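Below is one structure, written out as structure tokens, with a few remarks after it.
Cβ placement follows ideal geometry from the backbone for every residue including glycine, while neighbour counts extend to all protein chains displayed. Derivation of every value follows stated rules applied to the coordinates shown; laboratory data play no part.
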There are 2 protein chains.
Amino acid sequence: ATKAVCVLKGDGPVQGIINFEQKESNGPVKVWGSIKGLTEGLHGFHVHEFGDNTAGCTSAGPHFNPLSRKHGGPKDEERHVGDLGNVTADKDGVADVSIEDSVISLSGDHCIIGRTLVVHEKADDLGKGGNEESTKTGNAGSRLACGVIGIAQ
Amino acid sequence: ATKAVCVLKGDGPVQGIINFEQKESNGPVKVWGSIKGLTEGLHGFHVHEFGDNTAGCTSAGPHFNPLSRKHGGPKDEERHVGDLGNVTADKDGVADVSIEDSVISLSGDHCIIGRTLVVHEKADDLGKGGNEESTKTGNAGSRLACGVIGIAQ
């Protein structure tokens, strides 16, 4: 699968479309789109383990972390597969997204298709926030918006 | 035993949770759950090719038919991978689903995780409708409600 897409929606105004492209199965995944509805500033941006929205975003569960590592930022060696850092919303609540990542995949064991992309309430402190929660979830707060990542044309 | 789940939703009152379970890679896929908000009677229940909701259910595209077969019913040899037949709404609009299918899969070429389950407007005529369309789509009409099939716990 070389393309994927996620429609983010949640209980308040957070909504967005995030596209994923991996033209090479052992290359990086391009991640791109916009999210609006957002308080200006930095927002956690993570792959959670499950594509389960039966009870809203809480259902997705934890980060996708198949290898059982500590939470870190996308550029760290010590991180979850799902740790994609923070997106930044401008003064207008619009976050334009442009990421490449070489940990997540569109195939194989690091495959995120069928899982959940979640935009969070506050900044992921990237494991450098000074408390025990930081090295688990990065303290990014609640789940504003989520959507199961799906195969795209 | 890999597991999957779809939360089905649309512009209307139709809402559902459909669950998937395949205890063996080659095993049959057991699919159970509920859908409410339906007119009494049968509605077509189809897996469509994409997990794309950028435009509502339309963007899921056509039935998932990797083998270029003709539309038929779940019990037919000539059918799409996606052709799961019809679910039945009681007169209170509730359709308790309990299917078992051996053409869909949670693994492999015929993997449906990341694609889109859809419940349609009308009965699927199962390719036995007597017109050109019957054998393309099954005359099931509009997509009432769909969800991306996601990995579940």
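A:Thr88: net charge of surrounding residues, Cβ under 9 Å, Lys/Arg +1, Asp/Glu -1, itself excluded?
Net charge around A:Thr88: -3.
Test of understanding: in a Gaussian network model of chain A with alpha carbons linked when under 10 Å, which of A:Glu40, A:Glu49, A:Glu24 would top the mean-square fluctuation ranking?
Highest fluctuation among the options: A:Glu24.
Would you mind classifying the stretch A:80-153 by shape? Square roots of the alpha carbon gyration tensor eigenvalues, ordered a ≥ b ≥ c; an a/c under 1.5 is rounded, otherwise it is prolate if a/b is larger than b/c and oblate if not.
In terms of gyration-tensor shape, oblate.
Less than 16 Å apart at the alpha-carbon level, and either on another chain or at least 8 residues along: which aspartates and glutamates does that give for A:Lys128?
Within reach: A:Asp76, A:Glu77, A:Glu78, A:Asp83.
Tabulate in residue order the Karplus-calculated ³J(HN,Hα) for the stretch B:43-50, using 6.51 cos²θ - 1.76 cosθ + 1.60 with θ = phi - 60°, rounded to whole Hz; enter x for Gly and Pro.
The phi angles translate into 9, x, 10, 10, 8, 9, 6, 9 Hz.
Mind checking A:4-15 for the average number of partner chain beta-carbons within 10 Å of each residue's beta-carbon?
Across the residues of A:4-15, the mean count of other-chain Cβ atoms within 10 Å is 2.
Kindly provide log₁₀ I(q)/I(0) values, in the same order as q = 0.13, 0.15, 0.16 Å⁻¹, from the Debye equation applied to equal alpha-carbon scatterers of the protein assembly as shown.
Calculated log10 I(q)/I(0) at the listed q: -0.87, -1.11, -1.22.
Pull the list of chain B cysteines that no other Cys approaches to under 4.7 Å, Cβ to Cβ.
B:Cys6, B:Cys111
Looking at chain B as a GNM with Cα springs under 10 Å, which of B:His110, B:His71, B:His48 has the largest mean-square fluctuation?
Its mean-square fluctuation being the largest, the pick is B:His110.
According to the square roots a ≥ b ≥ c of the eigenvalues of the Cα gyration tensor, what is the shape class of chain B, taking rounded for a/c under 1.5, prolate for a/b larger than b/c otherwise, and oblate for the remainder?
Here chain B falls in the rounded category.
Is there a pair in A:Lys3/B:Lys30; A:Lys23/B:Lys136; A:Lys9/B:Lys3 whose C-alpha atoms are over 26 Å apart, and which pairs would that be?
With Cα atoms farther than 26 Å apart: A:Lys3/B:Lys30; A:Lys23/B:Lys136.
Within the set of other residues whose C-beta is less than 11 Å from the C-beta of B:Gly129, count the net charge using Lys and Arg as +1 and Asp and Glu as -1.
With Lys, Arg at +1 and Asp, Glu at -1, the neighbours total -1.
Mind ranking B:123-134, B:10-21 by how tightly packed they are, going by the mean number of other C-beta atoms within 10 angstrom, highest first?
The peptides rank, most packed first, as B:10-21, B:123-134.
Starting from the 7 Å offset along Cα-to-Cβ, what nm value, one decimal, do you get for the label separation of A:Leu67 and B:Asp96?
4.6
Dipole size in debye (nearest 20) for chain B around its Cα centre, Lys and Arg Cβ +1, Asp and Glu Cβ -1?
The dipole of chain B has a size of about 220 debye.
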